[PDB]
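In structure tokens, one chain follows: the form deposited in one PDB entry.
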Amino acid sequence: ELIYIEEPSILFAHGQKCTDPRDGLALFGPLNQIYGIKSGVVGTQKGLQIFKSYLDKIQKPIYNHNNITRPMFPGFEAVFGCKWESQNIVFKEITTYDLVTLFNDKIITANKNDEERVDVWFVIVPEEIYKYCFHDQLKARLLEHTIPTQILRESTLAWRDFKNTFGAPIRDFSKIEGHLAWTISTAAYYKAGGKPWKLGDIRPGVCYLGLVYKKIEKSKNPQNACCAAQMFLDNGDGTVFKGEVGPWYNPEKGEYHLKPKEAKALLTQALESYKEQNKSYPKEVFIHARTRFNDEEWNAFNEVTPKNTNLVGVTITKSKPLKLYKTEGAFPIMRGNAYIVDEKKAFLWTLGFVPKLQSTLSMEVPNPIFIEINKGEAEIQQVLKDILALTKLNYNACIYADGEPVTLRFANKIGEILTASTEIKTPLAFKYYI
């Protein structure tokens, strides 16, 4: 006996609740408007002209081969309401360690020498650099300076020009060039201090936390694993806290866990950020991870959490398949259907067919996320609604929704960035990682 959750509605400008972020962006515009986008460019002169060509392309609307599953791109100013010109482009010419060293040197020298501030920076990477080597290393080295950066290749904006020995392009964007421009524009607008959208049907004073763990291969200790956390209220603009590098991973068990001397630190960082950003303490806190926590971590979390806060710990897993199949039709079970295994364990179908797109987010068959309230006491349907909402807030890709909630989607990427550089200490919003 399945249960269905009405798809979460997200606000856009003018206080209007839509469901597809692209539809709302093209209809009401971004929820928070920015006056404009000042962009910075670092790369070769050919990279500069490729980037200029791609903005000329972005100004004009670009279309998808399917405009229902991937709505068309109205053009940057049409959807966002802020201009991204080529006159606002600051360029510094460039003629694995050494390459990222020069690129970072140019970025820092620009951020210091230039009088006019730049909203976002965009880095053009030649194809030879991609083939012979970067994103994690460079984007980590820029975490100290709080520089929001977006990396694009020569073959991403000028894919038509780059062709193989057979004459065909290396990678074809013809059917989703509009979608590619959609995603690039949404990323650039997010990194420019603008919040494209936020959840609408959400209770006040609720926080969502996601722990991430990444092992270090170069470490002599095979057990070592860095930790991190990601925090979201409803905005989808999450604050990321770096953890402590050390013996985190459980090798024989295969799990990741925190000693109580760092779980306190991480959750206290999360709660102090909440208090700074809200001036009150949350009524509920939900912590998300790929694994169940031991009682050590939960008790460490409970000591630092205030009494009036109903702290809840919920784990999200791509566990052994409960792959539901609709009896008739090649159309899978719709996204948003949930199975109440028990008051603390449920399945959430964040992938699959969605009626709004008349399309499927998942490729083969939607593997549901098994969500488990391993710790704490909370109503299971509310947790499923919260995770369904959190699936919508991936600003790095302009898509209807994400299979993994944003509290855990970028775990691998943020871990790679954090462990890319070992001699760097960082306080930061999610826009400095995606």
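Residue numbers here begin at 1 and follow the sequence given. What we label the rigid core is the largest C-alpha set whose atoms superpose within 1.5 Å from one form to the other.
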item	value
Missing coords for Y130 in a third or more of other PDB entries	yes
Where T327 meets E328 in the shown sequence, the number of deposited residues left unmodelled	none
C133-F134 interval: deposited residues absent from the model	10 or more
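There is another form of the same protein, the form deposited in another entry; it is not shown, and what comes next is about it.
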item: Rigid core superposition between the shown form and the other one: residue from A225, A192, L351, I184 with Cα shift of 2 Å or more; value: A225
item: Flag for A300, CA shift 2 Å or larger between the shown form and the other one after aligning core; value: yes
item: Per-residue C-alpha change between the shown form and the other one, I216, threshold 2 Å, rigid core fit; value: yes
item: CA of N337, rigid core aligned, shift of 2 Å or more between the shown form and the other one; value: no
item: Note on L408-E217 C-alpha separation in the other form, which departs from the shown form by 3 angstroms or more; value: closer
item: Change in CA distance between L408 and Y249 in the other form, which is 3 Å or more, as closer or farther; value: farther
